[PDB]
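Quick note: to get PDB author numbering, add 2 to the position in the sequence shown (first position is 1). A virtual CB, placed ideally from N, CA and C, is assigned to each residue, including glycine. First up is the structure itself, then whatever we jot down about it.
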Amino acid sequence: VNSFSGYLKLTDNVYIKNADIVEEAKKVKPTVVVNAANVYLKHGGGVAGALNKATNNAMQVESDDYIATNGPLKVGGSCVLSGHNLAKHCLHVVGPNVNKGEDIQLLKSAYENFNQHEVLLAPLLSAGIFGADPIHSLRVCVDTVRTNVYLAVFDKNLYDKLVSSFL
Ligand SMILES: O=C(Nc1ccc(C(=O)N[C@H]2c3cccc(O)c3C[C@H]2C(=O)O)cc1)NC1CC1
């Protein structure tokens, strides 16, 4: 039993809610919040920009030190950093960005990172300004992630469409 509230059950292990991941994180303080990162950990817009703003830019400062030491991530890859005031840890996951012409096949690899964590609060990967098909991303999520995932979807119209079309 955990403290996630008002999520709709999609599968054995995947739940979904129309909610601001910033607010869900502040309320639940999950062990892991997932960021929809890019390979440079430049948290400019979308989920990444919103989470970073909620940390008062501490996420970006930490991220810049990470990149200076380790270099960029891979598309489909991830790293674990602090969750700051939002969570114990932040799992920065790089899903493919279609508006950069990135390989949508890499979305499954991106979701595989979630399997290293028993429970996660996460956004739907590669949706919103990443420009991939969100129905496809949800199918990939449910077919790839085996651990317990609580998906927070900011856009109300998107959430309604995802629920109504889910097989
Ligand atoms: O600003 C905020 N929250 C805030 C939360 C989410 C987003 C956002 O862009 N989400 C979309 C996106 C963008 C990029 C990659 C993704 O995987 C997704 C999922 C998709 C969605 O969930 O609809 C933007 C802002 N909170 C302030 C305290 C009020």
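Near residue i, what residues of its chain come up, given a Cβ to Cβ distance below 6 Å and the 5 sequence neighbours on each side ignored?
i	result
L122	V34, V36, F116 and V151
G133	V100 and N101
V41	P74, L75 and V96
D105	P98
Anyone know if the C-beta pair for residue i and residue j falls short of 9 Å?
i	j	result
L108	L126	no
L53	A27	yes
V30	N58	no
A124	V95	yes
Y9	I18	yes
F168	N20	no
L83	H119	no
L75	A50	no
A70	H86	no
Does the Cβ of residue i lie closer than 8 Å to at least one heavy atom of ligand 1?
i	result
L83	no
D105	no
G48	yes
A154	yes
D22	yes
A89	no
residue 170	The requested residue 170 does not occur in the structure, where the chain is confined to residues 3 to 169.
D157	yes
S111	no
Near residue i, what residues of its chain come up, given a Cβ to Cβ distance below 7 Å and the 5 sequence neighbours on each side ignored?
i	result
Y113	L127, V142, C143, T146 and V147
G78	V96, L108, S111 and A112
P136	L126, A129, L160 and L164
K158	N20
If I measure Cβ to Cβ from residue i and keep anything under 8 Å in the same chain, skipping five residues before and after, which residues do I get?
i	result
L88	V24, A27, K28, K31, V35, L53, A56 and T57
Return yes when at least one heavy atom of ligand 3 lies under 8 Å from the C-beta of residue i, else no.
i	result
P125	With respect to ligand 3, the structure offers nothing, as its ligand set consists of ligand 1.
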